[PDB]
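Participant: Okay, so here is query.pdb, and as you'll see once you scroll down, it has PDB, N, CA and C atoms.
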```pdb
ATOM      1  N   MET A   1     -47.160 -46.815   5.960  1.00  0.00           N
ATOM      2  CA  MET A   1     -46.595 -48.165   5.977  1.00  0.00           C
ATOM      3  C   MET A   1     -45.424 -48.166   5.012  1.00  0.00           C
ATOM      4  N   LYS A   2     -44.207 -48.330   5.529  1.00  0.00           N
ATOM      5  CA  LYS A   2     -43.001 -48.353   4.712  1.00  0.00           C
ATOM      6  C   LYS A   2     -42.899 -49.684   3.974  1.00  0.00           C
ATOM      7  N   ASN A   3     -41.910 -49.767   3.097  1.00  0.00           N
ATOM      8  CA  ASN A   3     -41.554 -50.902   2.260  1.00  0.00           C
ATOM      9  C   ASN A   3     -40.039 -50.880   2.125  1.00  0.00           C
ATOM     10  N   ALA A   4     -39.452 -51.933   1.563  1.00  0.00           N
ATOM     11  CA  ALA A   4     -38.014 -52.047   1.367  1.00  0.00           C
ATOM     12  C   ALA A   4     -37.386 -50.786   0.753  1.00  0.00           C
ATOM     13  N   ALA A   5     -37.921 -50.281  -0.362  1.00  0.00           N
ATOM     14  CA  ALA A   5     -37.378 -49.108  -1.041  1.00  0.00           C
ATOM     15  C   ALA A   5     -37.385 -47.865  -0.167  1.00  0.00           C
ATOM     16  N   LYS A   6     -38.386 -47.741   0.712  1.00  0.00           N
ATOM     17  CA  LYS A   6     -38.514 -46.591   1.600  1.00  0.00           C
ATOM     18  C   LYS A   6     -37.269 -46.491   2.469  1.00  0.00           C
ATOM     19  N   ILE A   7     -36.914 -47.587   3.126  1.00  0.00           N
ATOM     20  CA  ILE A   7     -35.772 -47.658   4.016  1.00  0.00           C
ATOM     21  C   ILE A   7     -34.492 -47.489   3.193  1.00  0.00           C
ATOM     22  N   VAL A   8     -34.386 -48.116   2.019  1.00  0.00           N
ATOM     23  CA  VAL A   8     -33.222 -48.003   1.143  1.00  0.00           C
ATOM     24  C   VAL A   8     -32.956 -46.527   0.860  1.00  0.00           C
ATOM     25  N   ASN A   9     -33.973 -45.773   0.432  1.00  0.00           N
ATOM     26  CA  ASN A   9     -33.814 -44.346   0.154  1.00  0.00           C
ATOM     27  C   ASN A   9     -33.361 -43.607   1.414  1.00  0.00           C
ATOM     28  N   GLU A  10     -33.908 -43.961   2.580  1.00  0.00           N
ATOM     29  CA  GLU A  10     -33.530 -43.320   3.833  1.00  0.00           C
ATOM     30  C   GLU A  10     -32.037 -43.535   4.093  1.00  0.00           C
ATOM     31  N   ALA A  11     -31.495 -44.704   3.737  1.00  0.00           N
ATOM     32  CA  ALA A  11     -30.088 -44.991   3.935  1.00  0.00           C
ATOM     33  C   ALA A  11     -29.255 -44.039   3.080  1.00  0.00           C
ATOM     34  N   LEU A  12     -29.579 -43.932   1.790  1.00  0.00           N
ATOM     35  CA  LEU A  12     -28.856 -43.068   0.856  1.00  0.00           C
ATOM     36  C   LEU A  12     -28.828 -41.622   1.338  1.00  0.00           C
ATOM     37  N   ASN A  13     -29.950 -41.129   1.873  1.00  0.00           N
ATOM     38  CA  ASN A  13     -30.067 -39.759   2.377  1.00  0.00           C
ATOM     39  C   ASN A  13     -29.056 -39.513   3.490  1.00  0.00           C
ATOM     40  N   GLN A  14     -28.856 -40.488   4.379  1.00  0.00           N
ATOM     41  CA  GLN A  14     -27.906 -40.384   5.483  1.00  0.00           C
ATOM     42  C   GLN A  14     -26.466 -40.694   5.041  1.00  0.00           C
ATOM     43  N   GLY A  15     -26.245 -40.996   3.761  1.00  0.00           N
ATOM     44  CA  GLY A  15     -24.936 -41.311   3.211  1.00  0.00           C
ATOM     45  C   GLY A  15     -24.562 -42.769   3.424  1.00  0.00           C
ATOM     46  N   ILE A  16     -25.526 -43.676   3.241  1.00  0.00           N
ATOM     47  CA  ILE A  16     -25.349 -45.117   3.424  1.00  0.00           C
ATOM     48  C   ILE A  16     -25.865 -45.815   2.175  1.00  0.00           C
ATOM     49  N   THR A  17     -25.502 -47.072   1.952  1.00  0.00           N
ATOM     50  CA  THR A  17     -25.924 -47.866   0.814  1.00  0.00           C
ATOM     51  C   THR A  17     -26.280 -49.259   1.309  1.00  0.00           C
ATOM     52  N   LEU A  18     -27.557 -49.618   1.243  1.00  0.00           N
ATOM     53  CA  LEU A  18     -28.019 -50.935   1.631  1.00  0.00           C
ATOM     54  C   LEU A  18     -27.765 -51.822   0.420  1.00  0.00           C
ATOM     55  N   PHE A  19     -27.181 -52.987   0.645  1.00  0.00           N
ATOM     56  CA  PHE A  19     -26.875 -53.984  -0.371  1.00  0.00           C
ATOM     57  C   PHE A  19     -26.904 -55.298   0.383  1.00  0.00           C
ATOM     58  N   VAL A  20     -27.319 -56.399  -0.206  1.00  0.00           N
ATOM     59  CA  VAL A  20     -27.367 -57.681   0.481  1.00  0.00           C
ATOM     60  C   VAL A  20     -26.191 -58.521  -0.001  1.00  0.00           C
ATOM     61  N   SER A  21     -25.679 -59.351   0.898  1.00  0.00           N
ATOM     62  CA  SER A  21     -24.571 -60.251   0.669  1.00  0.00           C
ATOM     63  C   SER A  21     -24.981 -61.585   1.269  1.00  0.00           C
ATOM     64  N   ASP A  22     -24.877 -62.684   0.524  1.00  0.00           N
ATOM     65  CA  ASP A  22     -25.220 -64.032   0.991  1.00  0.00           C
ATOM     66  C   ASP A  22     -26.653 -64.094   1.537  1.00  0.00           C
ATOM     67  N   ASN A  23     -27.569 -63.412   0.835  1.00  0.00           N
ATOM     68  CA  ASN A  23     -28.990 -63.327   1.178  1.00  0.00           C
ATOM     69  C   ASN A  23     -29.171 -62.880   2.619  1.00  0.00           C
ATOM     70  N   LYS A  24     -28.393 -61.873   2.978  1.00  0.00           N
ATOM     71  CA  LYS A  24     -28.392 -61.276   4.283  1.00  0.00           C
ATOM     72  C   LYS A  24     -28.236 -59.795   4.038  1.00  0.00           C
ATOM     73  N   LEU A  25     -29.271 -59.060   4.429  1.00  0.00           N
ATOM     74  CA  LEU A  25     -29.380 -57.622   4.296  1.00  0.00           C
ATOM     75  C   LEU A  25     -28.151 -56.964   4.867  1.00  0.00           C
ATOM     76  N   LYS A  26     -27.362 -56.356   3.985  1.00  0.00           N
ATOM     77  CA  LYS A  26     -26.142 -55.662   4.422  1.00  0.00           C
ATOM     78  C   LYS A  26     -26.284 -54.152   4.206  1.00  0.00           C
ATOM     79  N   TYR A  27     -25.315 -53.389   4.696  1.00  0.00           N
ATOM     80  CA  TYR A  27     -25.248 -51.939   4.599  1.00  0.00           C
ATOM     81  C   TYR A  27     -23.771 -51.587   4.397  1.00  0.00           C
ATOM     82  N   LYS A  28     -23.507 -50.459   3.749  1.00  0.00           N
ATOM     83  CA  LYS A  28     -22.203 -49.886   3.430  1.00  0.00           C
ATOM     84  C   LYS A  28     -22.306 -48.404   3.748  1.00  0.00           C
ATOM     85  N   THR A  29     -21.220 -47.762   4.155  1.00  0.00           N
ATOM     86  CA  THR A  29     -21.218 -46.343   4.497  1.00  0.00           C
ATOM     87  C   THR A  29     -19.773 -45.883   4.679  1.00  0.00           C
ATOM     88  N   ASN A  30     -19.561 -44.568   4.612  1.00  0.00           N
ATOM     89  CA  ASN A  30     -18.248 -43.955   4.801  1.00  0.00           C
ATOM     90  C   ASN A  30     -18.117 -43.447   6.238  1.00  0.00           C
ATOM     91  N   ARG A  31     -19.223 -43.379   6.992  1.00  0.00           N
ATOM     92  CA  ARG A  31     -19.273 -42.943   8.379  1.00  0.00           C
ATOM     93  C   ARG A  31     -19.865 -44.077   9.196  1.00  0.00           C
ATOM     94  N   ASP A  32     -19.388 -44.266  10.417  1.00  0.00           N
ATOM     95  CA  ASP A  32     -19.879 -45.321  11.301  1.00  0.00           C
ATOM     96  C   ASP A  32     -20.937 -44.797  12.258  1.00  0.00           C
ATOM     97  N   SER A  33     -21.071 -43.474  12.360  1.00  0.00           N
ATOM     98  CA  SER A  33     -22.032 -42.806  13.222  1.00  0.00           C
ATOM     99  C   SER A  33     -23.376 -42.706  12.499  1.00  0.00           C
ATOM    100  N   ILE A  34     -23.848 -43.838  11.985  1.00  0.00           N
ATOM    101  CA  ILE A  34     -25.133 -43.924  11.304  1.00  0.00           C
ATOM    102  C   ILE A  34     -26.218 -43.889  12.398  1.00  0.00           C
ATOM    103  N   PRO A  35     -27.462 -43.494  12.090  1.00  0.00           N
ATOM    104  CA  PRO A  35     -28.515 -43.458  13.093  1.00  0.00           C
ATOM    105  C   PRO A  35     -28.888 -44.885  13.492  1.00  0.00           C
ATOM    106  N   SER A  36     -28.997 -45.144  14.791  1.00  0.00           N
ATOM    107  CA  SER A  36     -29.359 -46.451  15.317  1.00  0.00           C
ATOM    108  C   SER A  36     -30.716 -46.947  14.803  1.00  0.00           C
ATOM    109  N   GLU A  37     -31.602 -46.054  14.345  1.00  0.00           N
ATOM    110  CA  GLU A  37     -32.918 -46.407  13.824  1.00  0.00           C
ATOM    111  C   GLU A  37     -32.799 -47.315  12.599  1.00  0.00           C
ATOM    112  N   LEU A  38     -31.756 -47.102  11.791  1.00  0.00           N
ATOM    113  CA  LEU A  38     -31.494 -47.862  10.580  1.00  0.00           C
ATOM    114  C   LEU A  38     -31.221 -49.302  10.957  1.00  0.00           C
ATOM    115  N   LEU A  39     -30.341 -49.550  11.929  1.00  0.00           N
ATOM    116  CA  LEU A  39     -30.017 -50.909  12.343  1.00  0.00           C
ATOM    117  C   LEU A  39     -31.267 -51.692  12.728  1.00  0.00           C
ATOM    118  N   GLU A  40     -32.240 -51.036  13.364  1.00  0.00           N
ATOM    119  CA  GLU A  40     -33.468 -51.705  13.775  1.00  0.00           C
ATOM    120  C   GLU A  40     -34.428 -51.863  12.609  1.00  0.00           C
ATOM    121  N   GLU A  41     -34.712 -50.800  11.846  1.00  0.00           N
ATOM    122  CA  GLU A  41     -35.650 -50.914  10.738  1.00  0.00           C
ATOM    123  C   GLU A  41     -35.146 -51.898   9.688  1.00  0.00           C
ATOM    124  N   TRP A  42     -33.833 -51.940   9.485  1.00  0.00           N
ATOM    125  CA  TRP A  42     -33.219 -52.839   8.540  1.00  0.00           C
ATOM    126  C   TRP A  42     -33.497 -54.265   8.959  1.00  0.00           C
ATOM    127  N   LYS A  43     -33.400 -54.575  10.254  1.00  0.00           N
ATOM    128  CA  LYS A  43     -33.659 -55.910  10.786  1.00  0.00           C
ATOM    129  C   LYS A  43     -35.166 -56.183  10.798  1.00  0.00           C
ATOM    130  N   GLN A  44     -35.995 -55.156  10.966  1.00  0.00           N
ATOM    131  CA  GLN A  44     -37.451 -55.276  11.016  1.00  0.00           C
ATOM    132  C   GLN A  44     -38.003 -55.672   9.656  1.00  0.00           C
ATOM    133  N   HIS A  45     -37.454 -55.093   8.593  1.00  0.00           N
ATOM    134  CA  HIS A  45     -37.867 -55.331   7.220  1.00  0.00           C
ATOM    135  C   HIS A  45     -36.784 -56.068   6.437  1.00  0.00           C
ATOM    136  N   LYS A  46     -35.834 -56.745   7.098  1.00  0.00           N
ATOM    137  CA  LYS A  46     -34.739 -57.454   6.424  1.00  0.00           C
ATOM    138  C   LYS A  46     -35.244 -58.404   5.356  1.00  0.00           C
ATOM    139  N   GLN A  47     -36.357 -59.087   5.615  1.00  0.00           N
ATOM    140  CA  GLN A  47     -36.930 -60.030   4.679  1.00  0.00           C
ATOM    141  C   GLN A  47     -37.320 -59.369   3.356  1.00  0.00           C
ATOM    142  N   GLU A  48     -38.069 -58.268   3.405  1.00  0.00           N
ATOM    143  CA  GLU A  48     -38.497 -57.574   2.189  1.00  0.00           C
ATOM    144  C   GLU A  48     -37.338 -56.774   1.589  1.00  0.00           C
ATOM    145  N   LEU A  49     -36.438 -56.269   2.441  1.00  0.00           N
ATOM    146  CA  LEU A  49     -35.269 -55.506   2.035  1.00  0.00           C
ATOM    147  C   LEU A  49     -34.401 -56.383   1.156  1.00  0.00           C
ATOM    148  N   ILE A  50     -34.188 -57.644   1.538  1.00  0.00           N
ATOM    149  CA  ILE A  50     -33.376 -58.585   0.786  1.00  0.00           C
ATOM    150  C   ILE A  50     -34.027 -58.804  -0.554  1.00  0.00           C
ATOM    151  N   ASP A  51     -35.306 -59.157  -0.554  1.00  0.00           N
ATOM    152  CA  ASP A  51     -36.083 -59.446  -1.745  1.00  0.00           C
ATOM    153  C   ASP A  51     -35.959 -58.362  -2.811  1.00  0.00           C
ATOM    154  N   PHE A  52     -36.060 -57.107  -2.386  1.00  0.00           N
ATOM    155  CA  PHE A  52     -35.972 -55.935  -3.230  1.00  0.00           C
ATOM    156  C   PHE A  52     -34.525 -55.612  -3.606  1.00  0.00           C
ATOM    157  N   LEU A  53     -33.604 -55.689  -2.647  1.00  0.00           N
ATOM    158  CA  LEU A  53     -32.204 -55.370  -2.905  1.00  0.00           C
ATOM    159  C   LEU A  53     -31.500 -56.419  -3.741  1.00  0.00           C
ATOM    160  N   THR A  54     -31.976 -57.655  -3.721  1.00  0.00           N
ATOM    161  CA  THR A  54     -31.386 -58.736  -4.485  1.00  0.00           C
ATOM    162  C   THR A  54     -31.980 -58.771  -5.882  1.00  0.00           C
ATOM    163  N   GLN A  55     -33.270 -58.462  -6.056  1.00  0.00           N
ATOM    164  CA  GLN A  55     -33.843 -58.491  -7.398  1.00  0.00           C
ATOM    165  C   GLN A  55     -33.280 -57.330  -8.219  1.00  0.00           C
ATOM    166  N   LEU A  56     -32.921 -56.226  -7.546  1.00  0.00           N
ATOM    167  CA  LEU A  56     -32.352 -55.074  -8.220  1.00  0.00           C
ATOM    168  C   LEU A  56     -30.899 -55.389  -8.586  1.00  0.00           C
ATOM    169  N   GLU A  57     -30.210 -56.195  -7.768  1.00  0.00           N
ATOM    170  CA  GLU A  57     -28.821 -56.605  -7.971  1.00  0.00           C
ATOM    171  C   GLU A  57     -28.664 -57.421  -9.262  1.00  0.00           C
ATOM    172  N   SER A  58     -29.757 -58.002  -9.761  1.00  0.00           N
ATOM    173  CA  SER A  58     -29.822 -58.809 -10.967  1.00  0.00           C
ATOM    174  C   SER A  58     -29.763 -57.964 -12.248  1.00  0.00           C
ATOM    175  N   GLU A  59     -30.129 -56.685 -12.180  1.00  0.00           N
ATOM    176  CA  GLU A  59     -30.147 -55.778 -13.320  1.00  0.00           C
ATOM    177  C   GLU A  59     -28.986 -54.784 -13.237  1.00  0.00           C
ATOM    178  N   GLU A  60     -28.627 -54.185 -14.367  1.00  0.00           N
ATOM    179  CA  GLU A  60     -27.547 -53.218 -14.470  1.00  0.00           C
ATOM    180  C   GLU A  60     -27.965 -51.895 -13.818  1.00  0.00           C
ATOM    181  N   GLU A  61     -29.062 -51.296 -14.280  1.00  0.00           N
ATOM    182  CA  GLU A  61     -29.650 -50.039 -13.846  1.00  0.00           C
ATOM    183  C   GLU A  61     -31.127 -50.092 -14.272  1.00  0.00           C
ATOM    184  N   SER A  62     -31.985 -49.285 -13.661  1.00  0.00           N
ATOM    185  CA  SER A  62     -33.412 -49.231 -13.960  1.00  0.00           C
ATOM    186  C   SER A  62     -33.993 -47.905 -13.524  1.00  0.00           C
TER     187      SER A  62
END
```
Go ahead and render the structure in this file as structure tokens.

Facilitator:
Amino acid sequence: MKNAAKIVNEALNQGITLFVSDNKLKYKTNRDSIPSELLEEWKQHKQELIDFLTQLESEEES
């Protein structure tokens, strides 16, 4: 059973960076040929992804 951080790490491995903007789960990358699985899992767990990606956005580093 995955969680927000699981998918976040998967993004980094593929050379992507999940970050939320306006409480909407966003993604950043240098390549557009990202795996389509990310677009779906990101939307599947967008709620928890936001929660985790936004609470981390509040701190400098951890």

Participant: Any idea what's packed within 8 Å of residue A:9, counting only N, CA and C atoms, ignoring anything in its chain fewer than 6 positions away? Could you give it as a ChimeraX atom specification?

Facilitator: /A:15-16,18

Participant: Enter the distance from atom C of residue A:3 to atom C of residue A:30, in Å, rounded to one decimal.

Facilitator: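 According to the coordinates, atom C of residue A:3 and atom C of residue A:30 are separated by 23.5 Å.
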
Participant: Residues at most 12 Å from residue A:14, counting only C-alpha atoms, excluding those fewer than 4 positions away in the same chain, as a list in words?

Facilitator: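 Residues meeting the cut-off are residues 7, 8, 9, 10, 18, 27, 28, 29, 30, 31, 32, 33, 34, 35, 36, 37 and 38 of chain A.
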
Participant: Taking all atoms of stretch 5-13 of chain A that the file lists, what box with edges along x, y and z, padded by 3 Å per side, do you get, with centre and edge lengths in Å to one decimal, as lines of an AutoDock Vina configuration file?

Facilitator:
```
center_x = -33.7
center_y = -44.9
center_z = 1.5
size_x = 15.7
size_y = 16.8
size_z = 11.1
```

Participant: Chain A: which residues are helix (DSSP H, G or I) by DSSP, as a PyMOL selection string?

Facilitator: chain A and resi 4-13+36-44+46-57

Participant: For the point (-23.7, -59.6, -2.5) in file coordinates, what residues are within 12 Å, counting only C-alpha atoms? Give the answer as a list in words?

Facilitator: residues 18, 19, 20, 21, 22, 23, 24, 25, 26, 27, 28, 50, 53, 54, 55, 56, 57 and 58 of chain A

Participant: Using all atoms listed in the file, which residues sit within 7 Å of residue A:5 once same-chain residues fewer than 5 positions away are excluded, as a ChimeraX atom specification?

Facilitator: /A:10,48-49,52

Participant: Select from chain A everything DSSP, run on the backbone, classes as strand (DSSP E), then give the selection as a list in words.

Facilitator: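 Checking each residue of chain A, the strand (DSSP E) ones are residues 16, 17, 18, 19, 20, 21, 24, 25, 26, 27, 28 and 29 of chain A.
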
Participant: So what do you get for atom CA of residue A:42 versus atom CA of residue A:59, distance-wise?

Facilitator: 22.3 Å

Participant: Just give me the gap between atom CA of residue A:17 and atom N of residue A:1 in Å, one decimal is fine.

Facilitator: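 It comes out at 21.9 Å.
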
Participant: Please output stretch 32-46 of chain A, rebuilt to include N, CA, C and O atoms, as a compact mmCIF listing (two decimals), in the frame of the given file.

Facilitator:
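Listed below is the output, part25.txt:
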```txt
# COMPACT_ATOMS: atom_id res chain seq x y z
N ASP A 32 -19.39 -44.27 10.42
CA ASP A 32 -19.88 -45.32 11.30
C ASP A 32 -20.94 -44.80 12.26
O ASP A 32 -21.66 -45.59 12.87
N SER A 33 -21.07 -43.47 12.36
CA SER A 33 -22.03 -42.81 13.22
C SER A 33 -23.38 -42.71 12.50
O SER A 33 -23.91 -41.62 12.27
N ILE A 34 -23.85 -43.84 11.98
CA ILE A 34 -25.13 -43.92 11.30
C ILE A 34 -26.22 -43.89 12.40
O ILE A 34 -25.92 -44.23 13.55
N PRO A 35 -27.46 -43.49 12.09
CA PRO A 35 -28.52 -43.46 13.09
C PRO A 35 -28.89 -44.88 13.49
O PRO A 35 -29.13 -45.73 12.63
N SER A 36 -29.00 -45.14 14.79
CA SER A 36 -29.36 -46.45 15.32
C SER A 36 -30.72 -46.95 14.80
O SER A 36 -30.92 -48.16 14.80
N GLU A 37 -31.60 -46.05 14.34
CA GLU A 37 -32.92 -46.41 13.82
C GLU A 37 -32.80 -47.32 12.60
O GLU A 37 -33.64 -48.18 12.39
N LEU A 38 -31.76 -47.10 11.79
CA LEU A 38 -31.49 -47.86 10.58
C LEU A 38 -31.22 -49.30 10.96
O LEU A 38 -31.84 -50.19 10.39
N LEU A 39 -30.34 -49.55 11.93
CA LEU A 39 -30.02 -50.91 12.34
C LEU A 39 -31.27 -51.69 12.73
O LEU A 39 -31.31 -52.90 12.47
N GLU A 40 -32.24 -51.04 13.36
CA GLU A 40 -33.47 -51.70 13.78
C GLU A 40 -34.43 -51.86 12.61
O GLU A 40 -34.89 -52.98 12.38
N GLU A 41 -34.71 -50.80 11.85
CA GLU A 41 -35.65 -50.91 10.74
C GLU A 41 -35.15 -51.90 9.69
O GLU A 41 -35.93 -52.65 9.10
N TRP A 42 -33.83 -51.94 9.48
CA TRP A 42 -33.22 -52.84 8.54
C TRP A 42 -33.50 -54.26 8.96
O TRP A 42 -33.76 -55.09 8.10
N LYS A 43 -33.40 -54.58 10.25
CA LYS A 43 -33.66 -55.91 10.79
C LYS A 43 -35.17 -56.18 10.80
O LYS A 43 -35.57 -57.33 10.65
N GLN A 44 -35.99 -55.16 10.97
CA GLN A 44 -37.45 -55.28 11.02
C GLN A 44 -38.00 -55.67 9.66
O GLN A 44 -38.88 -56.53 9.57
N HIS A 45 -37.45 -55.09 8.59
CA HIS A 45 -37.87 -55.33 7.22
C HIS A 45 -36.78 -56.07 6.44
O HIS A 45 -36.82 -56.06 5.21
N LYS A 46 -35.83 -56.74 7.10
CA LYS A 46 -34.74 -57.45 6.42
C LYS A 46 -35.24 -58.40 5.36
O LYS A 46 -34.63 -58.49 4.30
```
